[PDB]
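Student: Contents of start.csv (CSV, C-alpha atoms) are below:
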chain,number,residue,atom,x,y,z
A,1856,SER,CA,6.9,-6.7,-32.7
A,1857,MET,CA,8.1,-3.5,-30.9
A,1858,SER,CA,11.8,-3.0,-31.5
A,1859,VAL,CA,12.0,-6.5,-33.2
A,1860,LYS,CA,12.2,-6.4,-37.0
A,1861,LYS,CA,13.0,-8.8,-39.8
A,1862,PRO,CA,16.0,-7.6,-42.0
A,1863,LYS,CA,15.0,-4.6,-44.3
A,1864,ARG,CA,14.1,-5.8,-47.9
A,1865,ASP,CA,15.2,-3.2,-50.5
A,1866,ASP,CA,12.0,-1.8,-51.9
A,1867,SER,CA,13.5,1.3,-53.5
A,1868,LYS,CA,13.2,-0.1,-57.1
A,1869,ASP,CA,9.6,-1.5,-56.7
A,1870,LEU,CA,8.0,1.6,-58.3
A,1871,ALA,CA,10.2,1.4,-61.4
A,1872,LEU,CA,9.9,-2.3,-61.7
A,1873,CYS,CA,6.0,-2.3,-61.4
A,1874,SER,CA,6.0,0.4,-64.2
A,1875,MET,CA,8.0,-1.9,-66.4
A,1876,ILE,CA,5.7,-4.8,-65.8
A,1877,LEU,CA,2.7,-2.6,-66.5
A,1878,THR,CA,4.4,-1.4,-69.8
A,1879,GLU,CA,4.8,-5.0,-70.9
A,1880,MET,CA,1.1,-5.7,-70.1
A,1881,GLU,CA,0.1,-2.5,-72.0
A,1882,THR,CA,2.0,-3.6,-75.1
A,1883,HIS,CA,0.9,-7.3,-75.2
A,1884,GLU,CA,-1.3,-7.9,-78.3
A,1885,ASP,CA,-4.1,-9.4,-76.1
A,1886,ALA,CA,-4.2,-6.3,-73.8
A,1887,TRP,CA,-7.0,-4.5,-75.9
A,1888,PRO,CA,-9.9,-5.6,-73.7
A,1889,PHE,CA,-8.1,-4.1,-70.6
A,1890,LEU,CA,-6.5,-0.8,-71.9
A,1891,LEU,CA,-9.4,1.5,-70.9
A,1892,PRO,CA,-12.3,1.5,-68.5
A,1893,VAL,CA,-15.3,-0.5,-69.6
A,1894,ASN,CA,-17.9,2.0,-70.9
A,1895,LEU,CA,-20.6,1.8,-68.2
A,1896,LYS,CA,-23.2,3.6,-70.3
A,1897,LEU,CA,-22.7,1.2,-73.3
A,1898,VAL,CA,-22.3,-2.2,-71.7
A,1899,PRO,CA,-25.5,-3.5,-70.2
A,1900,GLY,CA,-25.1,-5.2,-66.8
A,1901,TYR,CA,-21.4,-4.1,-66.2
A,1902,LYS,CA,-22.2,-1.3,-63.7
A,1903,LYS,CA,-24.4,-3.5,-61.4
A,1904,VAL,CA,-22.5,-6.7,-61.6
A,1905,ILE,CA,-18.8,-5.6,-61.4
A,1906,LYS,CA,-18.5,-3.8,-58.1
A,1907,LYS,CA,-14.9,-2.6,-58.6
A,1908,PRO,CA,-14.0,-1.9,-62.2
A,1909,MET,CA,-10.3,-1.8,-63.0
A,1910,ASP,CA,-8.3,-1.4,-66.2
A,1911,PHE,CA,-4.6,-0.7,-67.2
A,1912,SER,CA,-5.0,3.0,-67.8
A,1913,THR,CA,-6.5,3.4,-64.2
A,1914,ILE,CA,-3.6,1.3,-62.8
A,1915,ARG,CA,-1.1,3.5,-64.7
A,1916,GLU,CA,-2.6,6.7,-63.3
A,1917,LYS,CA,-2.7,5.3,-59.8
A,1918,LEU,CA,0.9,4.2,-60.1
A,1919,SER,CA,2.1,7.5,-61.5
A,1920,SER,CA,0.4,9.6,-58.7
A,1921,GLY,CA,1.6,7.5,-55.7
A,1922,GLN,CA,-1.7,5.9,-54.9
A,1923,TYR,CA,-0.1,2.4,-54.4
A,1924,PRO,CA,1.3,2.1,-50.9
A,1925,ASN,CA,3.3,-1.0,-51.7
A,1926,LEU,CA,3.8,-3.6,-54.5
A,1927,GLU,CA,1.0,-5.9,-53.1
A,1928,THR,CA,-1.7,-3.3,-53.6
A,1929,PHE,CA,-0.4,-3.0,-57.2
A,1930,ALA,CA,-0.7,-6.8,-57.8
A,1931,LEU,CA,-4.2,-6.7,-56.3
A,1932,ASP,CA,-5.5,-4.2,-58.9
A,1933,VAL,CA,-3.8,-6.1,-61.8
A,1934,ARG,CA,-5.5,-9.3,-60.6
A,1935,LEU,CA,-8.8,-7.5,-60.1
A,1936,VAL,CA,-8.7,-6.7,-63.9
A,1937,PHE,CA,-8.6,-10.5,-64.6
A,1938,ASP,CA,-11.1,-11.4,-62.0
A,1939,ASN,CA,-13.5,-8.9,-63.4
A,1940,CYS,CA,-12.9,-10.3,-66.8
A,1941,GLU,CA,-13.7,-13.9,-65.7
A,1942,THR,CA,-16.8,-12.7,-63.9
A,1943,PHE,CA,-18.3,-11.1,-67.0
A,1944,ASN,CA,-16.9,-13.1,-70.0
A,1945,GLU,CA,-17.3,-16.7,-71.0
A,1946,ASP,CA,-13.9,-18.7,-71.0
A,1947,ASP,CA,-14.7,-19.6,-74.7
A,1948,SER,CA,-14.7,-16.0,-76.0
A,1949,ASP,CA,-12.0,-13.8,-77.4
A,1950,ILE,CA,-12.1,-11.6,-74.3
A,1951,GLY,CA,-12.3,-14.6,-71.9
A,1952,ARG,CA,-9.2,-16.1,-73.5
A,1953,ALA,CA,-7.4,-12.8,-73.5
A,1954,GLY,CA,-7.9,-12.5,-69.7
A,1955,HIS,CA,-6.5,-15.9,-69.1
A,1956,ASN,CA,-3.5,-15.3,-71.3
A,1957,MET,CA,-2.8,-11.9,-69.7
A,1958,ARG,CA,-3.1,-13.3,-66.1
A,1959,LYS,CA,-0.5,-15.9,-67.0
A,1960,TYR,CA,1.8,-13.4,-68.6
A,1961,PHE,CA,1.5,-11.2,-65.5
A,1962,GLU,CA,2.0,-13.9,-62.9
A,1963,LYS,CA,5.3,-15.0,-64.5
A,1964,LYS,CA,6.7,-11.5,-64.7
A,1965,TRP,CA,5.6,-11.0,-61.1
A,1966,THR,CA,7.4,-14.2,-59.8
A,1967,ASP,CA,10.5,-13.6,-61.9
A,1968,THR,CA,10.8,-10.0,-60.8
A,1969,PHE,CA,10.0,-10.3,-57.1
A,1970,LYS,CA,10.1,-14.0,-55.9
If you took the structure in this file and wrote it as structure tokens, what would it be?

Tutor:
Amino acid sequence: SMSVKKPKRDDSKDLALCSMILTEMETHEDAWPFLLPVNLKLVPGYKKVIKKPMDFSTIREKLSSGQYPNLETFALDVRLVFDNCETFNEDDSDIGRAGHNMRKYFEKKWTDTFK
């Protein structure tokens, strides 16, 4: 509360560390469905159904331009990528399985880096 604070966690490396995580996600062989925005002119149903599209290139641009106020807003966009994928793709599809694999890969890096 006012003049009453928990001890200051060092957040000065967060930006760099989120960038490294994102590089590792970018270079995973199952990243291909997530590298670029879904083409809303060429994929029927996507625009109407997926209210907040997100992809790795969009996260990278947001990261690079100081549009993440903290590491939690960064994790929310990464997870949004996988949540969108589960909304639109059957679990038993190449893309559906890609999304599950990438979400697992991400959550481990996240826990190991920050928890």

Student: What is the CA of residue 1885 in chain A to CA of residue 1969 in chain A distance in Å?

Tutor: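 So the answer is 23.7 Å.
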
Student: Within 9 Å of (-11.6, -6.4, -69.0), in the coordinates the file gives, what residues turn up when you count all atoms listed in the file, written out as a ChimeraX atom specification?

Tutor: /A:1886-1893,1908-1910,1936-1941,1943-1944,1950-1951,1953-1954

Student: Figure out the distance between CA of residue 1962 in chain A and CA of residue 1864 in chain A, please, to one decimal in Å.

Tutor: 20.9 Å

Student: Would you please work out which residue, of A:1870, A:1875, A:1857, A:1898, is nearest to residue 1922 in chain A when using all atoms listed in the file?

Tutor: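 Smallest separation from residue 1922 in chain A among the options: A:1870.
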
Student: Grab the CA of residue 1928 in chain A to CA of residue 1900 in chain A distance for me, in Å with one decimal place.

Tutor: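 Rounded to one decimal, the two atoms are 26.9 Å apart.
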
Student: Between A:1935, A:1904, A:1930, A:1957, which residue has the minimum interatomic distance to residue 1869 in chain A, considering all atoms listed in the file?

Tutor: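 Of all the options, A:1930 lies closest to residue 1869 in chain A.
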
Student: Within 8 Å of (6.5, -3.5, -63.6), in the coordinates the file gives, what residues turn up when you count all atoms listed in the file, written out as a tab-separated table (two decimals) with C-alpha atoms, in the coordinates of the input?

Tutor:
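Saved the output as part-v9.tsv:
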chain	number	residue	atom	x	y	z
A	1869	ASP	CA	9.60	-1.50	-56.70
A	1870	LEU	CA	8.00	1.60	-58.30
A	1871	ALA	CA	10.20	1.40	-61.40
A	1872	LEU	CA	9.90	-2.30	-61.70
A	1873	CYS	CA	6.00	-2.30	-61.40
A	1874	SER	CA	6.00	0.40	-64.20
A	1875	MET	CA	8.00	-1.90	-66.40
A	1876	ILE	CA	5.70	-4.80	-65.80
A	1877	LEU	CA	2.70	-2.60	-66.50
A	1878	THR	CA	4.40	-1.40	-69.80
A	1879	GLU	CA	4.80	-5.00	-70.90
A	1965	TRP	CA	5.60	-11.00	-61.10

Student: Name the closest residue to residue 1960 in chain A among the candidates A:1860, A:1915, A:1906, A:1883; distances are taken between atoms, counting only C-alpha atoms.

Tutor: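 Using only C-alpha atoms, residue 1960 in chain A sits closest to A:1883.
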
Student: With distances taken over all atoms listed in the file, which residue among A:1861, A:1896, A:1970, A:1959 lies nearest residue 1934 in chain A?

Tutor: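 Among the listed residues, the smallest separation from residue 1934 in chain A belongs to A:1959.
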
Student: Using all atoms listed in the file, find the one residue out of A:1958, A:1920, A:1901, A:1925 that sits nearest to residue 1942 in chain A.

Tutor: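 Under the stated criterion, the closest residue is A:1901.
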